[PDB]
């Protein structure tokens, strides 16, 4: 598996606008909300859950990087895999998207799988 698999989805020119940390079924987790930097479109919500899903190994790296990009407010590309979380109240509050990568979008293009 790879962040850049064509079976994943991504959204460019986004800003991380909200951050939540909690625990579910023995696992610390976090969720982020992102919105287009220019104010268009619909928010993207994605979560990472420790020790859950194939993306578990990168939980700490993604939490650290989400915090970093949240603090700068810079434009980013957010990479997700859809339909991963199944806990129904959790999905309704947040989403079923697993967070699988984060890329800066400084220069003339976003720096990540395209």
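Positions refer to the first chain, counted from 1. We call the rigid core whatever largest set of C-alpha positions still superposes within 1.5 Å between the two forms.
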Between 99-107 and 7-15, larger RMS Cα displacement in 4 other deposited structures of this protein after core fit | 99-107
Taking the deposited Cα B-factors and averaging over 98-106 and over 15-23, the higher mean is found in 98-106
Pick between 28-36 and 41-49: the one whose mean CA B-factor in the entry is higher.
-> 41-49
Of the three thirds of the chain ranked by Cα temperature factor, residue 85 occupies the middle
If you rank every modelled residue in this chain by C-alpha B factor, which third holds residue 58: lowest, middle or highest?
-> middle
Divide the modelled residues of the chain into thirds by Cα B-factor and specify which third, lowest, middle or highest, holds residue 65.
-> lowest
